[PDB]
């Protein structure tokens, strides 16, 4: 299953995922492609900030969905 992750700089990212993939696994995949540490990542979809422990399936995220990423320093 393919999904997209859009960034603030208009940049877009393509990821290969499964519906059972957790948000944490998705952040790990983003780190692999962009080198961004998971701790700086905030993923947002349909008005909600996604929780690391939940899965894509839990948010009804389907193929071709577009998630938004914003980075924050804790």
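By rigid core we mean the largest C-alpha set that fits within 1.5 Å across both forms. Numbering follows the first chain given and starts at 1.
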After a core fit, does 7-15 or 60-68 show the bigger CA gap to the shown form in 6 other deposited structures of this protein?
7-15
May I ask you to compare 1-9 and 65-73 by their mean CA B factor in the entry and name the higher one?
1-9
Taking the recorded C-alpha temperature factors, which stretch has the higher mean, 50-58 or 15-23?
15-23
Lowest, middle or highest third: which one holds residue 42 when the chain's residues are ordered by CA B-factor from the entry?
lowest
